[PDB]
Amino acid sequence: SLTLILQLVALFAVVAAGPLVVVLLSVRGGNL
Amino acid sequence: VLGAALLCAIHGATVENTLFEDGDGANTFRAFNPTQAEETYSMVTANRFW
Amino acid sequence: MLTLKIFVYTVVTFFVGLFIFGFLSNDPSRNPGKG
Amino acid sequence: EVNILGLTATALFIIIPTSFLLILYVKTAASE
Amino acid sequence: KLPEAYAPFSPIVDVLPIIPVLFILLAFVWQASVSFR
Amino acid sequence: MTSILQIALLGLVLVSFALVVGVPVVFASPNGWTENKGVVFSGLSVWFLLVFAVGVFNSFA
Amino acid sequence: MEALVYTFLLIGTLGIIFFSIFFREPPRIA
Amino acid sequence: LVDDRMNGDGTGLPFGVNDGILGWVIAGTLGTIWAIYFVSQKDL
Amino acid sequence: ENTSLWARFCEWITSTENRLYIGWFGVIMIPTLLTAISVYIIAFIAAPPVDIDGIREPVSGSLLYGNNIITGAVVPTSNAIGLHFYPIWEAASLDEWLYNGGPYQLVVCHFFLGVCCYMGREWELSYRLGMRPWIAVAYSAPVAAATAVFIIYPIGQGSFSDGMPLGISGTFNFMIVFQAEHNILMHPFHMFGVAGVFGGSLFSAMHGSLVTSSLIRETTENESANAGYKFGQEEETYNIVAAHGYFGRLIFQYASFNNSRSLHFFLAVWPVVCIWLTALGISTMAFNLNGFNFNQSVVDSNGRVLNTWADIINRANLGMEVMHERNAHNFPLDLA
Amino acid sequence: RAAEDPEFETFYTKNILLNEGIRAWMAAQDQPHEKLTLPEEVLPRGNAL
Amino acid sequence: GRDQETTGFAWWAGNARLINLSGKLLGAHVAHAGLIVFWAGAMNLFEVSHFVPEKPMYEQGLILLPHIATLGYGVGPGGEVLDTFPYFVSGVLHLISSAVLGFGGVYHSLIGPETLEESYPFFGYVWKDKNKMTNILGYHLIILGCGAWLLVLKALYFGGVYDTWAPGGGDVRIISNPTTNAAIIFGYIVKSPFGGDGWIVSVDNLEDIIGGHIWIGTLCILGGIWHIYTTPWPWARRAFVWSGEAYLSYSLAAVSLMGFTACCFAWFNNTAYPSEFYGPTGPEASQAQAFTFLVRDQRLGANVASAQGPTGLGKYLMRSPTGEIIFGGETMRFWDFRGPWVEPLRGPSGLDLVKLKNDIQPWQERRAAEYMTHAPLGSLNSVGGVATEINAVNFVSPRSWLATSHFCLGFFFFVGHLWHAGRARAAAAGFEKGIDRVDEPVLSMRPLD
Amino acid sequence: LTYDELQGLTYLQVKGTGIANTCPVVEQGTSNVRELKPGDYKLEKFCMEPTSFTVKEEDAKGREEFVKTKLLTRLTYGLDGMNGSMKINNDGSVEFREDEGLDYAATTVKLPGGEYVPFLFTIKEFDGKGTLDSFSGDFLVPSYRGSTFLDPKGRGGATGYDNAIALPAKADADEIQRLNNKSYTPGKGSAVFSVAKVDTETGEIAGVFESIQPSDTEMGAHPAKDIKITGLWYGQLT
Ligand code: CLA
Ligand code: CLA
Ligand code: CLA
Ligand code: CLA
Ligand SMILES: CCCCCCCCCCCCCCCCCC(=O)OC[C@H](CO)OC(=O)CCCCCCCCCCCCCCCCC
Ligand SMILES: CC1=C(/C=C/C(C)=C/C=C/C(C)=C/C=C/C=C(C)/C=C/C=C(C)/C=C/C2=C(C)CCCC2(C)C)C(C)(C)CCC1
Ligand SMILES: CC1=C(/C=C/C(C)=C/C=C/C(C)=C/C=C/C=C(C)/C=C/C=C(C)/C=C/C2=C(C)CCCC2(C)C)C(C)(C)CCC1
Ligand SMILES: CC1=C(/C=C/C(C)=C\C=CC(/C)=C/C=C/C=C(C)/C=C/C=C(C)/C=C/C2=C(C)CCCC2(C)C)C(C)(C)CCC1
Ligand code: OEX
Ligand SMILES: [Cl-]
Ligand SMILES: [Cl-]
Ligand SMILES: [Fe+2]
Ligand code: NA
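Residues numbered from 1 in each chain as written, not as in the entry; some residues may be left out. Chains lettered and ligands numbered in written order. Part of a larger assembly, values for the part shown. Heavy atoms only, no water.

Q: It is not clear to me how the overall build of chain H should be interpreted in this structure. Could you clarify?
A: When helices and strands are counted, chain H shows one helix and zero strands. Classification of the 44 residues of chain H by burial places 32% in the buried group. Element-wise, carbon and sulfur atoms account for 68% of the exposed surface of chain H, whose accessible area totals about 2600 Å². (Helix = DSSP H or I, 4+ residues; strand = E, 2+ residues; numbered from the N terminus. Buried < 20%, exposed > 50% of the residue type's maximum accessible area, 1.4 Å probe, protein only. Areas by Shrake-Rupley, 256 points an atom, 1.4 Å probe, with all protein chains shown as cover.)

Q: Looking at this structure, how should I read the site of ligand 1?
A: Taken together, 28 residues are adjacent to ligand 1, and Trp30(E), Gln31(E), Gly14(K), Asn15(K) and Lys24(K) come closest. Close to ligand 1, residues of chains A, E, F and K are found. The contact in question runs from an oxygen atom of ligand 1 to an N or O atom on the backbone of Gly1(K), over 3.2 Å. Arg2(K) places a polar main-chain atom, nitrogen or oxygen, 3.3 Å from an oxygen atom of ligand 1. Broken down by element, the residue count for the shell around ligand 1 peaks at six residues, all from helix 4 (residues 85-110) of chain K. (Near = heavy atom within 4 Å. Polar contact = N/O pair within 3.5 Å; in protein donor to acceptor, adjacent residues only side chain to side chain.)

Q: Help me understand the site of ligand 8, please; the structure alone is not making it clear to me.
A: Around ligand 8 lies a shell of 17 residues, among which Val14(A), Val15(A), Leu25(E), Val29(E) and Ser16(F) are the nearest. Per-site note: the chains with residues close to ligand 8 are chains A, E, F and K. Relative to its free-state accessible area of 990 Å², ligand 8 is covered by the protein chains to the extent of 67%. Of all the elements in the fold, those that place two or more residues in the shell around ligand 8 are helix 1 (2-15) and helix 2 (17-27) of chain A, helix 2 (19-33) of chain E together with helix 1 (2-28) of chain F. Per element, the largest residue contribution to the shell around ligand 8 is seven residues, and it comes from helix 2 of chain E. Across the shell around ligand 8, the residue classes break down as 15 nonpolar, two polar and no charged. (Nonpolar A, V, L, I, M, F, W, Y, C, P; charged D, E, K, R; others polar.)

Q: How should unusual backbone geometry be read in this particular structure?
A: Peptide bonds are, in most cases, trans, and in most cases residues other than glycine have a negative phi. One non-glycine residue with positive phi stands out, namely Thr11(H), at about 60°. Counting through the fold element by element, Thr11(H) comes out in the segment before helix 1 (20-39). Of note in this structure, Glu245(K) is not a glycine but carries a positive phi near 155°.

Q: Whenever I open this one, the arrangement of the chains confuses me. Can you help?
A: Taken together, the 23 pairs of chains in contact show their highest number of contacts between chains I and K. The two units chain G and chain J remain apart, with a minimum C-alpha distance of 14 Å. (Contact = heavy atoms within 4.5 Å.)

Q: Got a minute to help me understand empty space enclosed by the protein in this structure?
A: A water-sized probe rolled over the atoms picks out the places where empty space is left. Per the stated rule, a full pass over the model turns up 11 cavities of 30 Å³ or more. By volume, the largest cavity is sized at about 540 Å³. Along the walls of the largest cavity sit 40 residues, with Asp162(I), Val177(I), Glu181(I), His324(I) and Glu325(I) positioned nearest its centre. Secondary structure elements with two or more residues in the lining of the largest cavity: helix 5 (135-157) and helix 6 (169-182) of chain I together with helix 1 (11-30) of chain J. (1 Å grid on protein atoms, 1.4 Å probe; cavity = no way out; pocket = protein on both sides within 12 Å on 5 of 7 lines; lining within 4 Å. Points joined across faces, edges and corners; volume = space filled by probe spheres on them.)

Q: Please clarify how the side chain of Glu204(L) should be interpreted in this entry.
A: Residues and elements named next belong to chain L. For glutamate 204, the position within the fold is in strand 12 (residues 204-205). Buried and unpaired, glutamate 204 has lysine 45 as its nearest opposite-charge partner, separated by 7.6 Å. Here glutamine 236 takes part through its side chain, which lies 3.0 Å from a polar atom of the side chain of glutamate 204. With residues near it in sequence (within four places) discarded, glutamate 204 still touches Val26, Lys197, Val198, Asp199, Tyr234, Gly235 and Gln236. (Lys, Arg positive; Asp, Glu negative; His and termini not counted. Salt bridge = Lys/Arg side-chain N within 4 Å of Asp/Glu carboxyl O.)

Q: Explain a negative patch on the surface to me, please; I cannot follow it from the model alone.
A: Residue and element names in this part refer to chain L. On the surface, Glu57, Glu58, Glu64 and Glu65 cluster together to form a negatively charged patch. By the secondary structure assignment, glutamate 58 is in the loop between strand 2 (44-56) and strand 3 (66-68). The class of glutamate 58 is exposed, set by a relative accessible area of 56%. (Patch = residues over 30% accessible without salt bridge, like charges linked within 9 Å, V, L, I, M, F, W, Y side chains within 5 Å. Charge placed at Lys NZ, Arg CZ, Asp CG, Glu CD.)

Q: Sorry, what's going on with the packing of aromatic side chains here?
A: The geometry of an aromatic ring pair is captured by two quantities: the separation of the ring centres and the angle between the planes. Summed over all chains, the structure comprises 84 aromatic pairs over all chains. Aromatic side chains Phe9(I) and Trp12(I) sit 6.2 Å apart centroid to centroid with 40° between the ring planes, which places their arrangement in the tilted category. Of this pair, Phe9(I) and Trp12(I) both sit in helix 1 (residues 5-13), separated by three residues, roughly a single helical turn. When its relative accessible area of 24% is taken as the criterion, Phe9(I) is described as partly exposed. Using a relative accessible area of 45% as the deciding quantity, one classes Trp12(I) as partly exposed. Pairing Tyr99(I) with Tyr116(L) gives two aromatic rings, centres 5.3 Å apart and planes at 80°, and the pair type is edge-to-face. (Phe/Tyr/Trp six-rings, centres within 6.5 Å; stacked < 30°, edge-to-face > 60°.)

Q: Explanation requested: the UniProt feature "transmembrane region" (unreviewed entry) in chain E in the structure shown.
A: The feature "transmembrane region" (unreviewed entry), as annotated in UniProt, sits at residues 11-30 of chain E in this numbering. Secondary structure across residues 11-30 of chain E comprises 75% helix and 0% strand; the distance between its end C-alpha atoms is 29 Å. (UniProt positions renumbered as here; feature names shortened; annotations may be inferred.)

Q: Hey, could you run me through a nonpolar patch on the surface in this one?
A: Together, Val2(D), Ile4(D), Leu5(D), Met1(G), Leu4(G), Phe8(G), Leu10(G) and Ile11(G) give the surface a local cluster of nonpolar side chains, amounting to about 800 Å² of exposed area. Elements supplying a minimum of two residues to the nonpolar patch: helix 1 (4-30) of chain D together with helix 1 (3-22) of chain G. Structurally, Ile11(G) is set in helix 1.

Q: Just checking my understanding: could you explain the sheet that holds strand 4 (residues 70-71) of chain L for this structure?
A: Residue and element names in this part refer to chain L. Pairing in this open sheet of three strands is antiparallel, and the strands run 4-7-8 from one edge to the other. Either end of the sheet is taken by a strand with one partner, and the two such strands are strand 4 and strand 8 (116-120). Pairing geometry for strand 7 (residues 106-110) and strand 8, over five bridges, is antiparallel. Looking at strand 8, one finds that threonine 107 is bridged to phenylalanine 119. (Pairing = 2+ DSSP bridges.)

Q: Which parts of the structure should I look at to understand the side chain of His324(I)?
A: Mapping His324(I) onto the fold places it in the segment after helix 10 (309-323). Using a relative accessible area of 6% as the deciding quantity, one classes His324(I) as buried. Here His324(I) is in contact with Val177(I), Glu181(I), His329(I), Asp334(I), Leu18(J) and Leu49(J), once residues within four sequence places are set aside.

Q: Would you mind showing me how to read the interface of chain I and chain K here?
A: Interface size is commonly expressed as the accessible surface area that is lost when the partners come together. Taken residue by residue, the interface counts 73 residues in chain I and 74 residues in chain K. The tally of links between chain I and chain K comes to two salt bridges. A salt bridge links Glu17(I) to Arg446(K); the shortest N-O distance between them is 3.9 Å. Summed over the shared surface of chain I and chain K, the number is 26 residue pairs in polar contact. Elements supplying a minimum of two residues to the side of chain I that touches chain K: helix 4 (102-128), helix 5, helix 6, helix 7 (188-213), helix 9 (260-286) and helix 10 of chain I. Counting residues per element, the side of chain I that touches chain K draws most heavily on helix 5 of chain I, at seven residues. A breakdown of the residues in the side of chain I that touches chain K according to their chemical character gives 34 nonpolar, 29 polar and 10 charged.

Q: I keep staring at the UniProt feature "transmembrane region" (unreviewed entry) in chain H and nothing clicks. Help me out?
A: Mapped onto this numbering, the UniProt entry gives "transmembrane region" (unreviewed entry) at residues 21-39 of chain H. Its end C-alpha atoms 26 Å apart, residues 21-39 of chain H is made of 100% helix and 0% strand.

Q: How should I be thinking about the pairing of strand 5 (residues 79-88) of chain L in this particular structure?
A: Each regular strand shows side chains that alternate between the opposite faces of the sheet. All names here are of chain L. As paired strands, strand 1 (residues 39-41) and strand 5 are joined by three bridges and run antiparallel to one another. Within strand 5, the position partnered with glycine 39 by the bridge is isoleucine 88. Two elements, strand 2 and strand 5, share two bridges in a ladder whose sense is antiparallel. Looking across to strand 5, one finds that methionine 48 is bridged to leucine 79. Hairpin connection between strand 5 and strand 6 (residues 94-102): a loop of five residues separates the two successive antiparallel strands, and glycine 92 in this loop has a positive phi of roughly 130°.

This is the structure in structure tokens:
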């Protein structure tokens, strides 16, 4: 179902958001 | 089994609560040194407490 | 049987008062540590 | 009435090891 | 159900409760990234 | 009027996603907050504008 | 007897633990 | 009834007291302990 | 400080020269626990039969009424009472108070207060000896379990008759009925508690073996090997260097427990947190959160029930269910 | 004592009664070799459950 | 942040590193408040999106939609939901406020001032400044008094709060003349916690509920002003330990008591927690079983007053420990249960035999969904009632859920209070790290024997 | 308290106070008793509470005495909510006949010496013949336990084991009193009543009673003792 597809893409967007912030701060300088 | 679990909990808590100073930091775990020949906890204090 | 309740109430009030006022009576200063 | 077999067994199981341990303790404390 | 102007956003809503569980794990990721100094 | 509300809410969702990704990144970057002040302020302003827009469009849709 | 033996054994155990608490050998070496 | 009963179980009695004597002995005991502590505080 | 009544009382109570430390938690621990000890012993010896289920069907539980140590028990309070606080002064007579189960309420309330003040007294002695205070935190787990089985479970079920009987066969009865109605074996918190006691015995055996094995010679085949030196020297015996090497070589030599403080912290924390978990599992099943229910979870393509080990457990549980309180139920669905 | 006395009950007697129910209600589905096709009326029950 | 080599705290104690950092401590607090409001908004939106209108608001695993519904937002006369727009508005407002709070917490945690005293003396605070800590406590007390008076305003003037005890099965009823009697309110607070009374779980009416809220709001505001304009007395100084850890332990003990207390409200109260929104309590569905079986077996024809059970006590009716006529089953423990469908059936002496025979209401008869399922059983992985039930119905009671969870977290917070109280006392004494090893207290004491 | 002020009390006021176990009294009535108007009556709310519980035990030397006892069950002994008929004649003859209500109460009382005496305090199916000063009769006494009651060993009447399950070698002609019989045959008791403090305006009578009835035979194992129940009764005539 398309509802399940959007649930999965929203889940991946919110799960990957935090580690994206951590890796962006790791590769874009520091202060963490 | 119940007495063994009791002994494990009591021994761990007693040793962790008689740990001596052995350092200046707030974490006592790094205050331990395997090279030194002194006991890491106060058996006299533990005996009097219990 | 009412006097049993009176006696028990007196005993409990006595021990609770000892508890409360003993912990009021400078309990954090009853230590061997310097501070 | 009275289970005299159970009475004898309990009395012997109390008396014999307690007396044995007490005799050992007395002879140990007599000669330091 | 959500109102008719918010019905397509209900699948987005269905994931939102787990974000606080993800936050403490994000803290653990940050500790791993600073190598638990 | 419902379509305008849905587009505004989708824009608010993407702006909030960009803010969640970027605000800790901008803040904790070395010498990055004082140079990304304009873009962060603009993002917060559009976020508040989209929140108020969805709020006022709720009464019409 | 039935209950008398149980009572005697229980109070004997209680007397043993009382003697162990109060009339124990004083602790030496730590 | 076949016997005399306190009949105080329930009814939301304050601190469980159903007669004034219980409240008075509670207050008197607490006041006596407080008086001893007050005249005998600060160690000396 | 020396010529004052409350002063002399305070430095006698807080004195560390007593054989047993009393303290301000002890001034509440000693009377409540002495009361509970006296009433428990007297009730266990000579308690008349008490109607636990509120159905005019008393059970004996006391030695002078014809049972042994294993099957003797201070029986819980009457079901007719509920958790309605029935002390002696709320009874018209001692015989009536005994017939309705007042000794159980007295002993349980005093025991709860006594164990709480025992924990506080453990903290107080740790404070007065210059120690660290978390022995009381470790002791908080058996106190939690006792509270869960004597206070919290009767609160959840609505009657002190649901409390664990103060005995052995009564404890087994409480266990079996609790199984029948909450499926404790299939409760993850209970699995954590079982793993905790099993691992506590495991770690106790491991620690005892590693410390009793890692020695240098100071005790010979006689009482002691003092021929090197007698009592009065600080030259320490023991080892934790070869013991850690043995433990490492035992499996793969990377699960490093070379820190004695970390090892003892693990020994303290594992059974304590697991007993916390199982006590809270009991407290959750008090409000009927129950265990896992996998009855008829496995069905085939046509929908027939395929039997399961969980289904066999269900059959045993319902066999327990139909036996519990044979005469205490008037209605089909067991809710109270 | 409980055989000659309809009043004498202990928690041990309760446990014995519980064990009887465990056996009776568990054997039929526990041991398929025994082929225990026991009807429901001969299985023991309390009241209403 | 900082490392262990300077702060002395390991990563698993990292929040201790910001004990003495006022700005970072404030940022952690504001970010955590954003977390709380984010859970409120997200879980509210989840419960609204997963809401089926024909079912009651407890077969769906909803716990906080009943919290809004108790206030009277979108609730019909009998207990129907009417509309979910107030719930949606509450969820969205919480989500936006959580976004604002999370931004503030992240800002103060990352690039905010490290320490507040050097630039913001109004917000700077040392843990030993008793006057400053009482000032902050007074600000929070005034805020909480305003929060309680907000519920009072909603009950009094904004036409809200749902009454279960209203005739016909409850209604959203605007509350007039709340009972501000000091004797009643403090007799509620000083009475026994057992089955006959219940200490705090005894409120049977919104009039007493709102009178107590008036009292608590006025007292909180007055105590806030008092703490703003005072300094702790010397006896309080000698009794308390003045540190940030000791204050945390005091808060932990108080909030653990609150957690246990809320668990007890959830399990027993059916006034502040309406049965139409939270399902039956423990005592009901058990009282309802006896009531419905009584009315069914007298509808067949058998009399219920003269019918005795296998034990000779009464299959349907018996007498309580006090001479009140109660239900005759095993539900004699729950004879103190007060419900909206029981009280018009109940009289001065007992259960009013004549009312049971003639004055039964059809809505009280239809309130058998209380009994049928929904008795607060339910197992951990859902499924039905008792542990021996089969996989038929998907239900666990919300009262069971937020009583079990709240007892668990209340006990954990009592344990945390013990930990922090002990460590605060050891910190103030000077031996939080261990024994000095050259002068231990034990060697200065006489041996016991 | 009379019936007027009992109805004026809420449930919460009576709850936990013991008032709900007390029968109403008559305060504005007259003690003439004979003034009551003759006719056929249908009384309702027939109350019946006891004031003493005395048990007849027979010594093994040959004389008859009752003894006061101590109650083990709390306030569950009253009878409330019963109804029936009274055909009162002009001379004073009555036809008291209880029909239905809470006409029973399981009561356990303790004899001196520590022996538990359970009994079922009933007035069910009682007919009354005599004058207003004193009228007596007989009433049905049920067993105490139903036939579905199981003993501690699971044996019973309608349902049960009817066999010593604990041991497979004891079912001979000595446990017949315990296994084979399992009798639940009802007994009968005799109660004597008296009418005092009659009311004219609303027909409220409140006299005293003395009831004799057998105790519990448990399961038929041992013979029953005789319980003497004295107390007050109350009724409203319409
Ligand atoms: C309620 C959870 C919570 C909160 C609010 C905090 C908050 C804080 N912690 Mg902490 N921590 C936590 C849990 C939490 N922690 C847990 C569970 C652990 C154990 C693993 C730790 C272990 C720990 C250590 C060891 C340290 C801290 C430190 C800190 C402080 C500063 C962090 C820093 O300077 O580095 C920067 C961190 C980052 C750059 C990564 C975080 C990214 C952002 C802030 C959050 C994620 C993005 C988010 C969604 C943005 C929202 C968008 C917005 C627009 C809405 C800070 C106030 C430090 C401290 O004590 O200060 C001296 C420190 O060293 N914590
Ligand atoms: C007078 C100054 C003041 C005021 C008004 C507040 C107010 C507040 N603080 Mg704060 N605080 C202050 C000073 C102040 N603080 C200082 C000097 C410090 C030291 C730096 C702190 C440190 C601090 C921390 C660490 C935290 C707070 C938090 C909070 C909030 C807790 C209430 C809540 O969220 O629950 C719900 C709110 C209610 C139930 C109230 C209902 C709304 C009513 C109607 C509004 C009241 C209006 C009223 C007329 C105005 C009050 C008058 C004022 C003079 C007191 C609250 C709004 C917490 C927080 O972050 O929350 C976000 C928190 O963690 N404060
Ligand atoms: C006050 C706390 C609380 C309570 C009472 C509830 C209650 C409920 N929730 Mg909810 N929830 C909560 C918090 C709570 N929740 C939080 C904090 C979140 C954010 C993650 C959610 C997110 C959430 C979702 C997404 C859903 C629910 C749902 C539900 C309903 C059904 C729950 C269920 O299916 O089984 C309950 C689940 C469990 C009992 C899992 C047990 C987890 C335990 C606590 C783990 C700990 C064990 C042990 C200590 C592990 C140690 C390891 C550790 C060291 C890492 C129910 C009424 C469902 C629903 O019906 O929708 C409306 C639903 O889908 N909840
Ligand atoms: C609002 C309450 C509160 C607050 C503000 C604090 C604050 C603090 N605590 Mg503390 N604590 C609390 C409650 C609280 N605690 C409770 C309730 C307990 C009992 C469980 C503890 C037990 C505790 C210990 C043992 C220690 C602290 C420590 C600390 C300090 C450092 C925390 C840290 O960075 O660790 C990092 C945080 C983590 C690593 C995450 C914790 C993960 C937990 C253990 C697993 C459970 C999480 C899971 C999602 C929940 C499952 C369900 C649950 C119901 C079981 C800090 C100042 C440390 C200290 O003493 O420093 C002085 C420390 O040693 N606390
Ligand atoms: C039935 C209704 C039930 C509800 C009512 C419950 C009322 C409870 C009120 C208690 C509030 C007292 C707070 C003091 C806390 C400890 C202060 C202290 O550490 O105090 C120590 C402090 C150190 O300086 O001293 C001081 O500041 C002195 C301040 C203390 C105030 C003393 C109390 C008044 C004394 C009255 C004596 C009672 C006498 C006996 C009466 C006999 C009747 C026959
Ligand atoms: C400091 C720190 C930390 C913490 C952090 C945090 C805590 C953060 C946060 C934050 C937050 C607290 C956030 C929140 C948020 C929110 C948001 C961002 C929102 C929003 C919005 C939107 C967009 C929506 C929309 C909608 C609507 C309106 C309705 C319908 C549906 C939807 C959903 C669509 C950590 C631990 C990491 C580590 C250490 C450091
Ligand atoms: C709202 C409401 C209400 C009201 C309520 C109230 C009014 C409450 C309150 C209350 C109160 C009024 C409280 C108080 C309190 C206090 C406390 C709780 C305390 C404390 C503390 C402690 C515990 C101490 C300790 C100590 C001691 C003992 C001495 C020394 C020092 C120390 C610290 C150590 C009601 C129900 C009506 C209705 C519904 C709702
Ligand atoms: C409302 C909304 C929103 C918001 C959101 C938020 C509020 C945020 C976030 C976020 C987050 C919060 C994220 C996260 C994630 C996380 C994760 C993904 C984690 C992890 C972890 C792990 C995986 C671990 C690992 C490990 C370590 C490292 C340590 C030890 C070992 C182990 C393995 C455990 C948005 C904007 C979207 C829009 C739409 C709606
Ligand atoms: O009481 Mn002992 O236990 Ca709680 O369930 Mn219903 O009720 Mn009886 O049953 Mn199964
Ligand atoms: Cl049972
Ligand atoms: Cl039942
Ligand atoms: Fe060791
Ligand atoms: Na049964």
